[PDB]
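Here is the structure we will look at, set down as structure tokens.
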Amino acid sequence: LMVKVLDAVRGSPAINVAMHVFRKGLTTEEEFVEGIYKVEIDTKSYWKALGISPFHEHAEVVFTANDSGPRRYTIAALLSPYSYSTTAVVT
Amino acid sequence: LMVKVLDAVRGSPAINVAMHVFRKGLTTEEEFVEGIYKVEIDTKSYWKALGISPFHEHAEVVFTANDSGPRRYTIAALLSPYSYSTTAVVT
Amino acid sequence: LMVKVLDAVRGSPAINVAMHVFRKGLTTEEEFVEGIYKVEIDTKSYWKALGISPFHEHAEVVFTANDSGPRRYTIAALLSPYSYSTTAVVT
Amino acid sequence: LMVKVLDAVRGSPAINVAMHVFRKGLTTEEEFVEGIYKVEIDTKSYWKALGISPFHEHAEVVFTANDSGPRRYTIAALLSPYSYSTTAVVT
Amino acid sequence: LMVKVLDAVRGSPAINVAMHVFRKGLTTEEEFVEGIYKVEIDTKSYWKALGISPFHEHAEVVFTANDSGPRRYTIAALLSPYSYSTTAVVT
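Encoded structure:
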């Protein structure tokens, strides 16, 4: 097994490289690679893995999730390598 | 097994490379690669994997999910390598 | 098994490469590659994998999902490499 | 097993490299690599893994999640190496 | 097993390198690498792993989470090595 990437480079490129070589109870995950170059923006979660036997008997639950409001996410060149260029965010 | 990628490069390119080589209980996931160059924007989740035997007997549940509001997501060049170009977000 | 990609490059191209080589209980997934260059925008989920025996006996459940509101997602050049070009988002 | 990356470089490129070589109870995760080049912005979570037997009998729970307000996230060149370029955030 | 990265370099590049070589009870995680080049901005959490048997009998719980306010996060060149460039945040 031989891998060659970008043997010779000349003249200033913008590069993003990711190399992975592999060889060979509510939740159980084993022997994994999570999140190479992962981006998460405005992620939400409610009631994850409460456990064994929640609200087993005679439970009265009221759940209300409200999401609102003025929120802004201005992004230029996300995960976007560039060269000899111009990037501007003018407001 | 031999792999060659981008042996000779000249003149400043913008590149995104991803190489993967492989060889050989509510939830169970094993021996996986999750999220190479993954992007998530405004992801939501409710009541994931509450567990074994939730609300087993005589449960009175009221669920209400409300999503609203002024929200903006302005993105230029997502996962988009570029060269000798112009990117602008003018407001 | 021999793989050759982009042996010689000259003059600044914008490139997106993805190479994959392979060789050989509510949920169970094993030995997989999930999400190479995956993009998710405004994804929702409700009540995923509640578990074993939820609401087993005499359950009174009221479910209401409301989705509304002024929301904007302005994107230029998603997963779209470019060169010698112009990208603008003017508002 | 032999790996060669960027054997010869000349002329000032901007590079992001990630190399990974591998060889061979509510929650249990073993022998994993989490978060190489991971970015998280405005992530929320509620009631994660409350434990064994929460609210077992005669529980009266009121849950209310409110999210609002003027919030801004202005980012230029996220995970985006560049060279001979111009990046500006003018307000 | 032999690994070679950036054997010869000339002319002042800006580089980010990450190399990883591997060889071979509410929560239990063993033998892992968490957070190489990890960035977290404005992350929140509520009620994580309260323990064994919380609110076991006759519990009356009122939960209210409010998030609001004018907050700003202005970032230029996050995880974005650059060379011969210009970065400015003008307000």
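Residue numbers (my numbering), protein chains in the order written: chain A, 1123 to 1213; chain B, 1123 to 1213; chain C, 1123 to 1213; chain D, 1123 to 1213; chain E, 1123 to 1213.
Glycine included, C-beta positions come from ideal geometry on N, C-alpha and C.
On the three-state DSSP scale, how would you describe residue i?
i, result
"residue 1209/B", "strand"
"residue 1157/D", "strand"
"residue 1185/A", "strand"
"residue 1146/C", "coil"
"residue 1165/C", "coil"
"residue 1140/B", "coil"
"residue 1197/C", "strand"
"residue 1171/E", "coil"
Can you grab the Cα-Cα spacing for the pair residue i / residue j, in whole Å?
i, j, result
"residue 1195/E", "residue 1130/C", "42 Å"
"residue 1170/D", "residue 1162/B", "21 Å"
"residue 1190/D", "residue 1123/B", "54 Å"
"residue 1099/B", "residue 1142/C", "Lying before the first or after the last residue shown, residue 1099/B is absent from chain B, which here runs from 1123 to 1213."
"residue 1138/E", "residue 1201/D", "11 Å"
"residue 1213/C", "residue 1164/D", "25 Å"
"residue 1184/A", "residue 1146/B", "50 Å"
"residue 1182/C", "residue 1180/A", "11 Å"
"residue 1168/C", "residue 1152/E", "31 Å"
"residue 1148/A", "residue 1150/E", "12 Å"
"residue 1172/D", "residue 1188/B", "24 Å"
"residue 1125/D", "residue 1125/E", "5 Å"
Can you give me the Cβ contacts of residue i inside the same chain, cut-off strictly under 7 Å, excluding the 5 residues immediately before and after it?
i, result
"residue 1238/E", "Outside the modelled stretch of chain E, which goes from 1123 to 1213, sits residue 1238/E, for which no answer is possible."
"residue 1136/B", "1203, 1204, 1205"
Quick one: residues in its chain with C-beta nearer than 6 Å to the C-beta of residue i, no 5 flanking neighbours on either side, listed in chain order?
i, result
"residue 1186/A", "none"
"residue 1166/E", "none"
Compute the distance between the beta-carbons of residue i and residue j, then report whether it is under 7 Å.
i, j, result
"residue 1144/C", "residue 1144/B", "yes"
"residue 1207/D", "residue 1207/A", "yes"
"residue 1127/D", "residue 1127/E", "yes"
"residue 1193/E", "residue 1132/D", "no"
"residue 1210/E", "residue 1210/D", "yes"
"residue 1174/A", "residue 1197/D", "no"
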